[PDB]
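Structure record follows, encoded as structure tokens.
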Amino acid sequence: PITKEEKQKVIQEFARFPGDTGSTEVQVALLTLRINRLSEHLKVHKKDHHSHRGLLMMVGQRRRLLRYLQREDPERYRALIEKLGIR
Amino acid sequence: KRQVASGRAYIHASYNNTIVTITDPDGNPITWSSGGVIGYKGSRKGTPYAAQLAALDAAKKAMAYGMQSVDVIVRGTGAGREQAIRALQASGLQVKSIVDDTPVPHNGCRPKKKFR
Amino acid sequence: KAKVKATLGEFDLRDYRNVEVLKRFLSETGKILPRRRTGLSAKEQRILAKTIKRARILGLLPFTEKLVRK
Amino acid sequence: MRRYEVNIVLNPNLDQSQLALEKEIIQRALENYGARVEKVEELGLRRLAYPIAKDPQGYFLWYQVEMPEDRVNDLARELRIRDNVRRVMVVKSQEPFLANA
RNA sequence: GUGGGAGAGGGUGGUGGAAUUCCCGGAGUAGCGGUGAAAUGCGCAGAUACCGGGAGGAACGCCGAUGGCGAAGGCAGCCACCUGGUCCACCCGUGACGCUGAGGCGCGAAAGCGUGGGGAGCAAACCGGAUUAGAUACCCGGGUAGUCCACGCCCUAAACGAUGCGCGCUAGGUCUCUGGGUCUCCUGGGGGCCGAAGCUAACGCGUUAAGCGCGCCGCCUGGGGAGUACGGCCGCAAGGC
Ligand SMILES: [Mg+2]
Ligand SMILES: [Mg+2]
Ligand SMILES: [Mg+2]
Ligand SMILES: [Mg+2]
Ligand SMILES: [Mg+2]
Ligand SMILES: [Mg+2]
Ligand SMILES: [Mg+2]
Ligand SMILES: [Mg+2]
Ligand SMILES: [Mg+2]
Ligand SMILES: [Mg+2]
Ligand SMILES: [Mg+2]
Ligand SMILES: [Mg+2]
Ligand SMILES: [Mg+2]
Ligand SMILES: [Mg+2]
Ligand SMILES: [Mg+2]
Ligand SMILES: [Mg+2]
Ligand SMILES: [Mg+2]
Ligand SMILES: [Mg+2]
Ligand SMILES: [Mg+2]
Ligand SMILES: [Mg+2]
Ligand SMILES: [Mg+2]
Ligand SMILES: [Mg+2]
Ligand SMILES: [Mg+2]
Ligand SMILES: [Mg+2]
Ligand SMILES: [Mg+2]
Ligand SMILES: [Mg+2]
Ligand SMILES: [Mg+2]
Ligand SMILES: [Mg+2]
Ligand SMILES: [Mg+2]
Ligand SMILES: [Mg+2]
Ligand SMILES: [Mg+2]
Ligand SMILES: [Mg+2]
Ligand SMILES: [Mg+2]
Ligand SMILES: [Mg+2]
Ligand SMILES: [Mg+2]
Ligand SMILES: [Mg+2]
Ligand SMILES: [Mg+2]
Ligand SMILES: [Mg+2]
Ligand SMILES: [Mg+2]
Ligand SMILES: [Mg+2]
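Here the protein sequences come in this chain order: A, B, C and D.
Offset between the first sequence (1-based) and UniProt numbering: plus 1.
Offset between the second sequence (1-based) and UniProt numbering: plus 10.
Offset between the third sequence (1-based) and UniProt numbering: plus 18.
The fourth sequence: position 12 = 12 (UniProt numbering), numbered continuously.
Below, the structure written as structure tokens:
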């Protein structure tokens with residue numbers, strides 16, 4: 002799955018500063034990793050529809066945070082999308 | 011022509027008939043009777059009287075082979091399921107023990123509309 | 019009547035290999051006793067049911083037995 | 001790597017030539033799948049609750065290992081291949097939940 | 001975020017015993033079966049009942065609950081991998097990023113359809129036996145599609161809590177599942193029952209609102225005609241909106 006070893010690796014990479022755990026950049030990074038863990042789990046297991054629902058909720062939440070970043074500070078939005086390869 | 015003098019006795023009691031088989035301690039049968047072996051023909055076979063007479067007919071057949079000790083097995087529920095046992099204890103055959111081995115599935119097969 | 023947990027010690031509810039104690043929780047037949055007879059809690063009985071089924075597949079607890087009465 | 005518990009029951013009629021072979025075969029299978037063995041408990045001849053393979057007894061084994069998780073089902077397939085090996089049940093280790101404490 | 005927690009939540013593979021059917025052998029005679037009674041049926045080519053062995057498919061007894069999970073449909077052997085949702089303790093981080101949601105897209109019991117498998121039990125149609133005034137039915141014996149699996153359609157329902165979603169507010173008592181706690185109890189999050197105020201035509205609802213409010217979507221305006229006709233979209237068809 003997603004162990005706390007790999008979790009801390011992402012938080013410390015996308016933190017705006019030491020100690021930051023809940024920035025919008027950190028939430029989108031963590032959301033994006035679980036996207037790629039599920040999209041690869043859904044390449045196989047194409048008949049798993051109840052897990053398919055959770056993925057739509059994560060995509061909706063990821064796009065909900067990016068749409069917010071777009072409005073406030075568009076620069077950090079571009080530096081984030083370019084760093085995660087989205088859109 | 012066997013001289014067993016000990017063995018098992020199975021009682022298969024249904025709501026439509028009650029039938030008794032007498033065997034040896036390995037399972038192979040010696041004689042047997044039922045509600046139809048005696049004169050009863052139709053629904054009268056599922057009655058306790060027929061269940062009693064069928065039990066006693068097999069018991070006297072087992073006396074021919076010399077049966078004295080008898081272990082009793084019972085399968086199924088129905089009229090005369092108890093009257094056959096009570097007939098077997100006083101049939102001269104010293105009843106050793108009585109076990110109920112009615113096969114109950116783990117919900118494996120779909121029953122007929124009757125049983126649902 | 020006494021209950022199973024009442025007359026017992028401090029035991030591992032997740033140990034499927036301890037037949038001596040799990041034989042106490044089976045009836046005369048191989049069936050699993052209801053909560054009214056085991057004196058267990060809701061969460062305890064759920065764990066016991068799983069650990070009994072494990073012991074059944076290991077040949078340690080019987081699936082079903084024969085009643086000697088009637 | 002997670003921690004598991006292995007239960008193996010084999011034909012309780014083997015001599016020492018066959019028992020050492022069957023068990024060292026289980027050793028060789030664990031080496032190929034990366035199973036670091038932590039402790040072992042061998043019960044042996046135990047009265048079964050129902051006939052297994054027409055045999056009323058069974059020789060019991062128990063291993064506690066730590067291995068990669070992905071290879072577990074392929075390890076279960078490798079143990080049942082042996083004819084003498086009869087029961088193979090692998091359970092993820094759990095805490096000893098106490099009752100009537 | 002961190003640390004914990006319960007669960008038939010899902011998908012994949014593997015696996016266990018009981019039972020039914022059929023085959024093989026052993027043993028064993030005269031019927032079994034079934035009904036309110038019976039008959040078709042099966043049985044001397046040896047059945048039913050009993051022991052042993054084997055094959056195959058499907059469903060998981062007890063635990064089991066007035067219980068748990070899920071958005072609904074719905075989900076019960078066990079094991080493992082992959083995996084979703086959710087809840088509690090800390091008060092750590094971002095700083096209104098929220099709520100609903102016409103379209104769209106995805107899911108959607110059963111039945112039915114296509115292709116290829118599978119086929120034990122059950123079983124529309126149908127083949128028989130009875131009942132009857134008649135039986136195109138209930139009861140009985142057989143039995144195909146199908147029920148199961150893989151892939152692709154089909155989009156309906158008493159899809160029910162006949163109660164859309166989210167939030168705030170408004171006496172409690174009691175039973176319960178699951179967490180935490182200074183663990184007669186307190187404090188959360190669900191699942192039940194009584195019941196304050198109040199609402200409701202009444203039955204009844206009542207901190208899980210049908211109460212007081214607010215935001216948003218869906219929908220209603222007499223019955224028959226009729227969920228029919230026409231048109232359109234969708235569908236291989238049945239047919240659906
Ligand atoms: Mg009869
Ligand atoms: Mg083997
Ligand atoms: Mg599950
Ligand atoms: Mg599952
Ligand atoms: Mg034969
Ligand atoms: Mg004939
Ligand atoms: Mg004939
Ligand atoms: Mg003939
Ligand atoms: Mg076959
Ligand atoms: Mg039940
Ligand atoms: Mg329902
Ligand atoms: Mg989980
Ligand atoms: Mg703060
Ligand atoms: Mg702060
Ligand atoms: Mg600040
Ligand atoms: Mg929404
Ligand atoms: Mg919509
Ligand atoms: Mg459907
Ligand atoms: Mg279907
Ligand atoms: Mg088909
Ligand atoms: Mg039938
Ligand atoms: Mg029929
Ligand atoms: Mg009439
Ligand atoms: Mg007629
Ligand atoms: Mg209405
Ligand atoms: Mg409303
Ligand atoms: Mg507590
Ligand atoms: Mg719920
Ligand atoms: Mg509550
Ligand atoms: Mg009032
Ligand atoms: Mg009203
Ligand atoms: Mg009420
Ligand atoms: Mg409300
Ligand atoms: Mg309408
Ligand atoms: Mg009108
Ligand atoms: Mg219609
Ligand atoms: Mg028109
Ligand atoms: Mg039309
Ligand atoms: Mg067309
Ligand atoms: Mg129609």
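In this text, a Cβ means the ideal position worked out from N, Cα and C, and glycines have one as well.
Can you pull the chain B residues whose beta carbon is under 7 Å from the beta carbon of residue i, in chain order?
{"i": "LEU79 of chain C", "result": "Ordered by position in chain B, no residue passes the 7 Å Cβ test against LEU79 of chain C, which lies about 15 Å from the chain."}
Tell me residue i's beta-bridge partners as DSSP assigns them.
{"i": "residue 106 of chain D", "result": "This structure does not reach residue 106 of chain D, given that chain D is present from 1 up to 101, and the question cannot be answered."}
{"i": "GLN57 of chain D", "result": "D:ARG47"}
{"i": "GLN104 of chain B", "result": "B:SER79"}
{"i": "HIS22 of chain B", "result": "B:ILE29, B:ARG85"}
{"i": "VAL9 of chain D", "result": "D:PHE60, D:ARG87"}
{"i": "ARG3 of chain D", "result": "D:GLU66"}
{"i": "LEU44 of chain C", "result": "C:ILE50"}
{"i": "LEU43 of chain A", "result": "The partner list for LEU43 of chain A (beta bridge, DSSP) is empty, contrary to what the question assumes."}
{"i": "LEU85 of chain C", "result": "B:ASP110"}
Please list, in chain order, the chain C residues whose beta carbon lies closer than 7 Å to that of residue i.
{"i": "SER107 of chain B", "result": "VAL86"}
{"i": "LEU48 of chain D", "result": "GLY77"}
Starting from the beta carbon of residue i, find every residue of chain D whose beta carbon is closer than 9 Å, and list them in chain order.
{"i": "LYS23 of chain C", "result": "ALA99, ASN100"}
{"i": "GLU28 of chain C", "result": "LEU98, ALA99, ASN100, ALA101"}
{"i": "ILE65 of chain C", "result": "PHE97, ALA99"}
For residue i, verify whether its CB is less than 8 Å away from any heavy atom of ligand 1.
{"i": "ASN27 of chain B", "result": "yes"}
Under 8 Å between beta-carbons, which chain C residues line up against residue i? List them in chain order, please.
{"i": "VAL9 of chain D", "result": "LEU76, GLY77"}
{"i": "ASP110 of chain B", "result": "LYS84, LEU85, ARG87, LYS88"}
In chain D, which residues lie less than 8 Å from residue i when you measure between Cβ atoms?
{"i": "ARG54 of chain C", "result": "Result: empty, since nearest Cβ-Cβ is about 17 Å, beyond 8 Å."}
{"i": "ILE50 of chain C", "result": "Here the premise fails: no neighbours, minimum Cβ distance about 14 Å."}
{"i": "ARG32 of chain C", "result": "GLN94, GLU95, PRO96, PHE97"}
Looking at ligand 2, does it come within less than 8 Å of residue i, judged from the CB to the closest heavy atom?
{"i": "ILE81 of chain D", "result": "yes"}
Below 8 Å, is the gap between the Cβ of residue i and the nearest heavy atom of ligand 21?
{"i": "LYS122 of chain B", "result": "yes"}
So which residues on chain D does residue i lean against when the C-beta distance must stay under 7 Å?
{"i": "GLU62 of chain C", "result": "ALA99"}
Please compile the residues from chain C whose C-beta is within a distance smaller than 9 Å of the C-beta of residue i.
{"i": "residue 162 of chain D", "result": "This structure cannot settle anything about residue 162 of chain D, because the visible part of chain D is limited to 1 through 101."}
{"i": "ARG87 of chain D", "result": "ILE75, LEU76, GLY77"}
Can at least three beta-carbon pairs, one atom from the region 65 to 81 of chain D and one from the region 24 to 42 of chain D, be found at a separation below 8 Å?
yes
Should the region 60 to 70 of chain A be called in touch with the region 19 to 39 of chain A, which here means at least 3 C-beta pairs below 8 Å?
yes
Counting Cβ pairs, one atom from each stretch, are 3 or more of them under 8 Å apart for the region 47 to 56 of chain D and the region 21 to 28 of chain D?
no
Cβ pair count under 8 Å reaching 3, the region 46 to 62 of chain C against the region 9 to 17 of chain D:
no
Any contact of the region 50 to 65 of chain B with the region 11 to 28 of chain B, i.e. 3+ C-beta pairs under 8 Å?
yes
Given 8 Å, three or more beta-carbon pairs between the region 12 to 26 of chain A and the region 43 to 57 of chain A
no
Would you say the region 78 to 85 of chain A touches the region 37 to 52 of chain B, given that touching needs at least three Cβ pairs under 8 Å?
no
Taking 8 Å as the cut-off, does the region 97 to 110 of chain B touch the region 75 to 82 of chain C (at least 3 CB pairs, one atom from each stretch)?
no
Do the region 64 to 76 of chain C and the region 32 to 48 of chain C touch if we need at least three Cβ pairs shorter than 8 Å?
yes
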